[PDB]
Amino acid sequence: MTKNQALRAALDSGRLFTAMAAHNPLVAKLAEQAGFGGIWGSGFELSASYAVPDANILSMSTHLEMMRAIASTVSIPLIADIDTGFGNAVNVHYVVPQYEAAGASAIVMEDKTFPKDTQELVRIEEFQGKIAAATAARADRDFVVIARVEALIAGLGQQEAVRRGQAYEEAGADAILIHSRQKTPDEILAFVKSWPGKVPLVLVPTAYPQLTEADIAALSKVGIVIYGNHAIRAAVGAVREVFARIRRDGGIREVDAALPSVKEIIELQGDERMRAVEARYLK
């Protein structure tokens, strides 16, 4: 099975698929090794790793190349975040085949207007055009197009969020990511209970961590849960602490023991494979 088939199989199978954020190939490799179903090529994580806001500031090329590098490192599906498609439906048409060719198995595109204005979401028909352009542009039918509905977040209400989801599924979306920034899952659970569409839902429970996977498994309508930014957060927490200790201790004499060893990083780098290559071809 190709990665695209694998993701499509997980969605048609009814099993709940988990995807973890990654800001580089090493972190994606660790997510694979930890057992997550797929990698989330998070725009928030990559822009955070560049110390720039997640407000379409980071170059699209930086993100597309990071997706290429991650897909060439892991064997599990990569779901790439393409923000608002980097433009209108015409840009979508030109952009999607690049993400597919980079090896992503899905893209997530949201209906926020872009760029931000000094009215928060684009018109329903305009987004329908963008999703239809994305599905028209993909080569492999198994590649997945996920439409992200921002209407709850934009404060437009549940009726409108469901109306948009249905319009997007009618335009070709393979799944609907309904988002919420509330600190409790009530708004999301009410949307789920009311969702009437045939395609599966996608949740990013970052703001409402109390909704566990067992709680999500109980929602037959959800096929994917995404851990949106826990790798960059974990990284920051530990780097900041090790740096503060090194400066307080005046050195690495204390901190060294606790850290993963240099040998462990060399193994994560594929040293083994490289030695086989040197042994069989360096002459």
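Numbering starts at 1 and runs along the sequence shown.
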query	finding
Greater mean Cα temperature factor according to the PDB record, 213-221 or 42-50	213-221
Residue stretch of maximal mean CA temperature factor, 245-253 vs 64-72	245-253
Residue, from 202, 188, 92, 132, that the PDB entry assigns the highest Cα B-factor	188
Residue with highest C-alpha B-factor in the PDB entry, from 234, 27, 55, 34	55
CA B-factor ranking of residue 108, expressed as a third of its chain	lowest
Assigned third (lowest, middle, highest) for the C-alpha B factor of residue 23	lowest
Residue 148, C-alpha B-factor rank within chain (lowest, middle or highest third)	lowest
CA B-factor ranking of residue 161, expressed as a third of its chain	highest
Third of chain Cα B-factors occupied by residue 184	highest
